[PDB]
Structures are given as structure tokens and as C-alpha cells.
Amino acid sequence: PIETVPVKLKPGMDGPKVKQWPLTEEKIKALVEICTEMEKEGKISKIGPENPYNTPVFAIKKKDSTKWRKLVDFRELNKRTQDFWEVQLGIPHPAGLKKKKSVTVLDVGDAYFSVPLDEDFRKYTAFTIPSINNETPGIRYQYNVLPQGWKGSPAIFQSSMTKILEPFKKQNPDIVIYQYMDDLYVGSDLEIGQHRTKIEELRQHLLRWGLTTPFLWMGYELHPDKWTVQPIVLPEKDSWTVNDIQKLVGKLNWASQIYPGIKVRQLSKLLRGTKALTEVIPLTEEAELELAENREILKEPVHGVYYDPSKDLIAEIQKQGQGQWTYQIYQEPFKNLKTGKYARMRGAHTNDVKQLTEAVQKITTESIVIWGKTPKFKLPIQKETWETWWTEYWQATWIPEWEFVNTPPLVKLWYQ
């Protein structure tokens, strides 16, 4: 007998109309079973072609999990649904979460299936299960309860969620808890044993509500205190060739867009004549100071760079080869909030697409912990290549926004 929270799209926007993409046999089988069980329980209901909306659906296995998990690509719906910051339902972000020694990620999306969804909004959650070789036309369902992966579900459920966590919070007031989409981020400074213990306590605490008023048992352990940053570094040589100094000048000239105090005059002078690239040329005494001064400037932080909660996050990724991937997170060009490097990820030295998929997931995870937002990615890959393979490697319950770029590396800027 729970009353439904009314929901409206942003004025001047239609619902999502995104086509369903082809699914593998094992994924269609997982969806048909999952949607059958959900239909028996009233969580979803069959619909017809008179509903003009559609949202893509597929299935994933989380890290080290053997059981399929239904995943809806609600990115279009999420961008067309009223921002709940205006409603005041939006969740605040704790600056302390990134400071804790261990942070565990808990899937709690199952809870959302207990709350009915506003009748007038259900039509926007339509999805279509396809069939192998098109044996059958698509089978369309829509949601009756709060669906996993929709940004409105945690907002509407926050009232019930805060009430459930209230005892555990008061008993252990040092533990930080943050809710993002279908996940719960629980951070503490305890020793690992007591940390997992407290996580186990919270699990059984959640079941006690689940008994009274994909699965909950899984848990992933982060360590945000140990998250390094990868800055811009100039090589160290005792002998420089013409080619080396040309590279150094080009790199410094690019970095000057980030650190304006950088100069290349004395170094450029060393390139006056027209000489073979290989030629070794001694550094002038004036040049040595310029390089050392530049290295000093690179060490200091960029001036006037800070997080604006009203601006979107953007992430760029570069493939450096040998399993090395660099990334930068920013809201304004050349004002990077974070830079980093990944190496020896899964699929390294065999699969590019798996490595990039892991990088995107890692970067999104950090962005949620640090700022409570997921960035929009600029992916160094062809559209067709990415769209063909990425669902085979996706292991998260959210999907960030992305676009495709092709930027040949003229300067080895973020990696030497």
C-alpha cells in the first residue's frame, strides 16, 4: 500500500527511443529466464507496439561472478528524467569517502524492486527482448517497480534507505556510506579484518529488513588512499641529440597550455642550424637553467584548477602500448582535476578492447568515489570496434557516456 512518487521528464523532451542491439545466445537465455521470473512477481509486465519508447537491455557477469545480471542501458532515460537536485531528493557527496583506507562496493539494487513506480512514468521504461535468428518479433516489457540502473530509483528509495542504515550508522559513526545508483560505497579506516566484518554486519542488517519490510553477498574492495597520480615528466639525459631536443621542445610547447610560465627560448636556440637529428649537441648553460626551471614548474600544481559541481566531468584515455594506458579527468580543457596511468590490466598484451573496457570502469569508479559523478569518456577506438565487443567485458552496473576520437600521438606527452 505504498504511494508512488510522481516523476516527470524534463519539459520539452520525449521518452527514450533507442533500438535494441543483437544479443548472444547465452545472454538472450539469461534475459528470458530473468524476465520470466520478474513477470511472475509483478516487477515487469508485457506491453505492445502502441508504447513508442524503448531502452536497450543486455546481461553481464560481475567480477568473479558466475550468475548473470540483467542490465538496462538507461543512459537515454537518465538524461531525459527530471534532475532530482531540483526536487531536493539528490544525494550529497561525502568528501571523506576518498580518504578512507578501504571502501567496499555493495550491490543493493535488489531492494529497489520493493517500491512501486508511478503509473504515468512506467511507459518510459520499455525494453524489448530479441530472439536468435528473429524467430519471434520482439517481446516488450515495461517496469512496474523502481528499476535497477535508473537514476530515479536511488532518489526515490533514499527515504527508506536512510531509515534502514540508521542503526548501523549510529553504532559505527566513523564509517562513511555513499549511495550511487545500484551500489553502496562503505568506507572505513579499520583494519581489513574488522572492515570486512563491519561489511558482513551491514549485509545481515540489510537482510533483516529484507525479511520484514546481482546478489547482495558480493563485495568489491577499493583502497582510495593509495590512488596515485601520474604527472607530466620531462626525460633526464646527460647527452641530448637534435631529435631529443626537438621532442623536448614540442612537449614543453604543449605543456605550456597547462603551465603558462614554461619557456622554450633558450632550448629552441640550440636548434638554430639545420642538423642531422642524430647529432649530439651540448646543452648551453642558459638552457640548463631553463630545463631545470621547467621541471620545477611541472612539479607545482596548476593554478586555478578545482571541482565545479555544476560542470560535467570529461575523461580522455590514451593507448601507450605494452599494456599501458593513461587518462586525464577534467571539466575545462587544460585544467585537469586528475591524471593517471594503468598497466597490466586484464587482457593486457592480448586484447585492447578488454583493457580499455577495464580502464573505463576503473576511471568511472574513481570518479564516483572522488566526486560522485561519472565522466563522459573520449574513447581512443573506432565506433564499430567498440560497439562490437564492449558488452563482452562489461562488469559494472552503470554505463558511462562516451564518444569516439582518433588523435594520432605526435608528442609522447603523458608517457615517455
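Numbers for residues come from their place in the sequence shown, where the first is 1. What we label the rigid core is the largest C-alpha set whose atoms superpose within 1.5 Å from one form to the other.
- Comparing 359-367 with 46-54 by root mean square Cα distance to the shown form in 6 other deposited structures of this protein, with the rigid core used for the fit, gives 46-54 as the more displaced stretch.
- Note on 263-271 and 306-314: with rigid core alignment, C-alpha atoms in 6 other deposited structures of this protein sit farther from this form for 263-271.
- Across the other compared structures of the same protein with both neighbouring residues present, residue 217 lacks coordinates in at least a third.
- In this entry, residue 213 and residue 214 are separated by 4 to 9 residues of the deposited sequence that lack coordinates.
- In this entry, 171-179 shows the higher mean Cα temperature factor of the pair 171-179 and 121-129.
- The stretch 289-297 shows the higher mean C-alpha B-factor when 314-322 is compared against 289-297 in the entry.
- The residue among 147, 250, 138, 260 whose C-alpha atom has the highest B-factor in the PDB entry is 260.
- Ranking 73, 308, 107, 200 by the C-alpha B-factor listed in the PDB entry places 200 at the top.
- When the modelled residues of the chain are ordered by their C-alpha B factor, residue 337 lands in the lowest third.
- The entry lists a Cα temperature factor for residue 162 that places it in the highest third of the chain's modelled residues.
- Annotation for residue 195: C-alpha temperature factor in the highest third relative to the rest of the modelled chain, per the entry.
- Residue-level temperature factors show residue 11 in the highest third of its chain, judged at the C-alpha atom.
- Among all modelled residues in its chain, residue 343 ranks in the lowest third by Cα B-factor.
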